[PDB]
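Undergrad: Sharing a structure with you now.
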Protein chains: 6
Amino acid sequence: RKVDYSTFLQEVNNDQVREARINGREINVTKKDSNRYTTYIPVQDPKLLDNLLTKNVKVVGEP
Amino acid sequence: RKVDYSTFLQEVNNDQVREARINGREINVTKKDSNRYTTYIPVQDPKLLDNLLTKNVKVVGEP
Amino acid sequence: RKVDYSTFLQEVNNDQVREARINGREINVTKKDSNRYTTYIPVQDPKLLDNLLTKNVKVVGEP
Amino acid sequence: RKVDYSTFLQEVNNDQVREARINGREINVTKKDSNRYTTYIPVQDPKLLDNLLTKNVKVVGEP
Amino acid sequence: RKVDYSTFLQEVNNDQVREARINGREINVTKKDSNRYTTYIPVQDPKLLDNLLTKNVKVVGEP
Amino acid sequence: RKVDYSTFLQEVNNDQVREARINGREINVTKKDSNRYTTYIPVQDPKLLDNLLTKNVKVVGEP
């Protein structure tokens with residue numbers, strides 16, 4: 001399932017996000033209700049990481 | 001249809017924009033009146049995402 | 001015809017610039033007096049886009 | 001052993017980190033208790049270096 | 001002739017520089033006394049352009 | 001001989017550094033006591049150049 005980046009950030013800051021598996025521009029997201037989806041980073045977002053960390057999201061990268 | 005980046009940002013600032021499908025420098029735009037056009041990012045714009053999000057534009061990226 | 005980047009920015013902020021067709025580092029410029037020339041971005045300039053937009057320059061990118 | 005980036009930064013902030021061997025996005029980490037693990041940088045983090053240095057972490061890069 | 005980047009910036013700051021022909025990391029420099037030399041950008045310098053422009057240096061890029 | 005980046009910066013700001021020959025991520029360092037070594041930039045460091053220049057370090061780049 002695919003979700004819009006803006007919606008994803010909305011969920012991040014609405015404290016609904018548990019984990020974010022970032023793979024290049026691809027982010028595999030797990031919600032706090034265990035729902036899983038994939039979203040893509042549209043353009044370089046320097047504010048992304050700090051946003052995830054400030055909202056206590058589990059952040060993971062891939063080989 | 002193709003539209004200039006500056007004009008596109010103007011429309012973003014006048015809330016005529018519903019969605020922005022960003023694919024590299026190519027942005028496929030859908031207006032609130034359901035109209036379609038294409039604009040290109042001229043140079044890297046760090047303020048782009050912030051602008052789209054502040055104006056509640058649905059932002060989506062592509063694989 | 002080719003013009004120095006510094007001169008180009010001078011013209012941009014002296015309100016003499018109508019349009020800027022950016023193609024990578026290549027900028028195709030049209031003056032308000034319809035004179036046309038080409039200038040090149042020497043190094044990455046994060047202040048460029050905002051400068052063009054603040055001076056109401058038509059900004060266009062290429063495929 | 002592999003550890004999540006956010007958790008890794010948490011440990012950096014709790015001074016449990018002695019060394020950080022950065023190799024691209026791969027960081028080989030040695031804790032103050034001599035423990036070893038690997039973490040990956042999820043997206044470009046401009047605050048990473050500053051964070052490591054503020055917490056007196058030995059930072060090393062590889063050829 | 002080759003000159004160190006720091007020294008080059010010093011000359012820029014002492015207004016001994018007339019032109020700076022930037023070609024990637026290579027800068028071909030012409031002093032106000034018509035003298036020629038070459039300097040290389042050591043790492044990406046976001047302050048370079050701003051420095052050249054503040055000191056009224058003619059800045060040019062190459063295809 | 002190879003030295004940790006953090007240690008290198010420590011030396012830079014302890015005014016022990018005379019010259020820095022940067023070659024990509026590779027920095028060839030000469031101390032004020034004529035000792036020479038090689039260190040590597042671990043991740044992009046935007047604060048590096050300004051740091052070297054503020055501490056009056058000879059900064060040189062390579063072709």
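Residue numbering restarts at 1 in every chain; chains get A, B, ... in the order shown in the structure tokens, and ligands count up from 1 in that same order.
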Counting only C-alpha atoms, a student should be able to say which residues of chain F come within 6 Å of chain E; what is the right answer, written as JSON, numbers by chain?

TA: {"F": [22, 59, 60, 61]}

Undergrad: Residues of the last selection are to be written out with C-alpha atoms, as a CSV table (one decimal), in the first residue's frame.

TA:
chain,number,residue,atom,x,y,z
F,22,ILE,CA,42.7,18.0,0.9
F,59,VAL,CA,44.6,25.2,2.8
F,60,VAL,CA,45.4,23.5,-0.5
F,61,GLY,CA,43.4,21.4,-3.0

Undergrad: Mind listing the strand (DSSP E) residues of chain A, per DSSP on the backbone, as a list in words?

TA: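 Assigned to strand (DSSP E), within chain A: residues 17, 18, 19, 20, 21, 22, 23, 26, 27, 28, 29, 30, 31, 36, 37, 38, 39, 40, 58, 59, 60 and 61 of chain A.
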
Undergrad: For the residues selected in the previous step, produce a file with C-alpha atoms as a PDB file, in the first residue's frame.

TA:
ATOM      1  CA  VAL A  17       4.267   6.552  13.615  1.00  0.00           C
ATOM      2  CA  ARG A  18       6.293   3.803  15.273  1.00  0.00           C
ATOM      3  CA  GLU A  19       9.073   2.959  12.828  1.00  0.00           C
ATOM      4  CA  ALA A  20      10.494   4.230   9.533  1.00  0.00           C
ATOM      5  CA  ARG A  21      12.672   1.962   7.397  1.00  0.00           C
ATOM      6  CA  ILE A  22      14.369   4.352   4.977  1.00  0.00           C
ATOM      7  CA  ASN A  23      15.898   2.877   1.818  1.00  0.00           C
ATOM      8  CA  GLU A  26      11.833   4.731  -0.034  1.00  0.00           C
ATOM      9  CA  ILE A  27      10.424   4.798   3.488  1.00  0.00           C
ATOM     10  CA  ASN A  28       8.781   1.683   4.887  1.00  0.00           C
ATOM     11  CA  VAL A  29       6.447   2.867   7.619  1.00  0.00           C
ATOM     12  CA  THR A  30       4.869   1.055  10.541  1.00  0.00           C
ATOM     13  CA  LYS A  31       2.056   2.828  12.362  1.00  0.00           C
ATOM     14  CA  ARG A  36       2.277  -0.915   7.371  1.00  0.00           C
ATOM     15  CA  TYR A  37       2.809   1.086   4.175  1.00  0.00           C
ATOM     16  CA  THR A  38       5.390   2.539   1.783  1.00  0.00           C
ATOM     17  CA  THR A  39       5.965   6.238   1.064  1.00  0.00           C
ATOM     18  CA  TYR A  40       8.543   8.025  -1.095  1.00  0.00           C
ATOM     19  CA  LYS A  58      12.267   4.259  15.463  1.00  0.00           C
ATOM     20  CA  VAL A  59      14.564   5.166  12.565  1.00  0.00           C
ATOM     21  CA  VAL A  60      16.362   2.468  10.594  1.00  0.00           C
ATOM     22  CA  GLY A  61      18.505   2.474   7.464  1.00  0.00           C
TER      23      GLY A  61
END

Undergrad: Any chance you could list, as a PyMOL selection string, the residues in chain D that come up alpha helix (DSSP H) when DSSP is run on the backbone?

TA: chain D and resi 5-13+48-54

Undergrad: Quick one: distance from CA of residue 15 (chain A) to CA of residue 13 (chain B) in Å, one decimal?

TA: 28.2 Å

Undergrad: Just how far from CA of residue 32 (chain B) is CA of residue 12 (chain B), in Å to one decimal?

TA: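 One can read the CA of residue 12 (chain B) to CA of residue 32 (chain B) distance as 10.5 Å.
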
Undergrad: Grab the CA of residue 16 (chain C) to CA of residue 55 (chain E) distance for me, in Å with one decimal place.

TA: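 CA of residue 16 (chain C) sits 22.0 Å away from CA of residue 55 (chain E).
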